[PDB]
């Protein structure tokens, strides 16, 4: 059983956060509470609410006025709507499957979705500009060389990077972003490869910016 939440993105103040969690490897009509929990940056876990396949809901009292959550058996998923949002609502939101309280074993949350970062802001979504970071003798260490991609000026987080569509994994190192005073983010991804085959192997970084529905594949040449 696996849970997959819908993708990250921006929500305007007073707007409505709207997320779904697609359930696989099992059925929604199973005897479990399907739940939402959020985690503001640097904070703890905060329960939002839960539904049963029957339709019954339990909500955090402090949020109950703004929260609605529902199910959809035909698509095997459940969803969350949180209205009148403020900057306080900016958080990584998780979906989770919750065991019914059993008198012998108690309850538990398993499994969790991957988490989706929802950012509450007035600024516009902005996709990244990607620039190659070419390998050279100055980025070489004997038998290996470093090369990379600079992912500039995007908003909001997050950005994800793979190399050669995931066929290149060893030696990959994607660095956490800086926030520029402009309000935009930048990061870089570097991969270390054999220095002997720079003229032979093609290297392409696949830069994923889901908030803008953008993916850029940038060829990096020596």
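Residue numbers count along the first chain shown, from 1.
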TODO: Mind pulling up the entry and telling me whether 181-189 or 53-61 has the higher mean Cα temperature factor?
DONE: 53-61
Task: 206-214 versus 18-26 - which carries the larger mean C-alpha B factor in the record - done: 18-26
Open item on the list: By the CA temperature factor listed in this entry, which of these ranks top: 76, 116, 119, 139?
Closed with: 76
TODO: Specify which of 86, 144, 125, 129 carries the largest Cα B factor in the deposited PDB entry.
DONE: 86
Task: residue 42 CA temperature factor, ranked by third within the chain - done: highest
TODO: Rank-wise, by C-alpha B-factor, drop residue 3 into the lowest, middle or highest third of its chain.
DONE: middle
Open item on the list: For the chain shown, is the CA B-factor of residue 81 in the lowest, middle or highest third of its modelled residues?
Closed with: highest
Open item on the list: Please say which third, lowest, middle or highest, residue 100 falls into when its CA temperature factor is compared across its chain.
Closed with: highest
Open item on the list: How does the C-alpha B factor of residue 163 compare with the rest of the chain: lowest, middle or highest third?
Closed with: lowest
